[PDB]
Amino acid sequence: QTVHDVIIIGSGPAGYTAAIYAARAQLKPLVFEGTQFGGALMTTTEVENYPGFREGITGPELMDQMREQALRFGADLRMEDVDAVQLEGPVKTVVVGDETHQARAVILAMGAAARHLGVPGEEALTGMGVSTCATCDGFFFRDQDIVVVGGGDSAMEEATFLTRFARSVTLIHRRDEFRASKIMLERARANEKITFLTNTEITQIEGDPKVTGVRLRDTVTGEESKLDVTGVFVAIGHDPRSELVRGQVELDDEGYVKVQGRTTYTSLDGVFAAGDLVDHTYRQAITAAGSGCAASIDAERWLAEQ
């Protein structure tokens, strides 16, 4: 029966920053963090490019600060997943298991999942040699031999950036055709630090504390080999977590939530969106934090208009 001012869905930097602003604005935000709360930084180690930390901070340490900061101003945080939403109209409903909650405004901050290879070693060595983010982690592989997996613009983009650091980048793709644009594909072939390895997949990532090599398989002949490398960058795409809102909020062709102009307004009145659910360009904690603030200010001012 209680209709809250605002419900926030998600607990990465965008969700917590939206919650900090909404709570400090006395909106008493109700935040569904998920059971895998804390966003993508919970799965990494050192975060060095989030401004405000001259010697860096671990991913979980930073997310713990954000969560405690949200609590300090009165956010109501629940470590539960939203299973369904009704976002159309003056009163929006979220369903969590068999419980329901309602609000005048909803901030969507569910993020985007990086796709994974699904091979042994990939998850255990994430943050210790395996990464999905060259902007985040490429700096840690100066003068090392690394691999990049994928066939699209993402892989070309990641592989290009990594050559700023690595001694060599071996770009592996499971076919001999590339989904990447002609411009992106042509540039990497010109980059002398990049070696292409087509018709190839990783079957296992080796290493007892850190990545020491990968096991390879030829997707056509089945020939197997080993490659000594100390880094693996997985760039086979992203899946924005928009499944909840498909059919109610306009998405682009790749599933990202569309927003109006430079604002966080979605196609639905009273519904705002932030973070990597929206941004398919930068995908950083600081940009997600910024947009979560913007969504909270948009929502507060929209609520004051009602």
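In this text, residue numbers run from 1 along the sequence as written.
Stretch comparison (105 to 113 versus 131 to 139) by mean CA B-factor in the PDB entry places 131 to 139 on top. Just going by the entry, 65 to 73 versus 246 to 254 on mean CA temperature factor gives the higher value to 246 to 254.
Annotation for 84, 79, 147, 162: 162 ranks highest, by Cα B-factor. As recorded in the entry, 188 carries the highest CA temperature factor of 216, 188, 236, 172. Per the PDB record, residue ranking by Cα B-factor puts residue 43 in the highest third of the chain. In the PDB entry, a CA B factor belonging to the highest third of its chain's modelled residues is recorded for residue 168. Sorting the modelled residues of the chain by their CA temperature factor places residue 93 in the lowest third.
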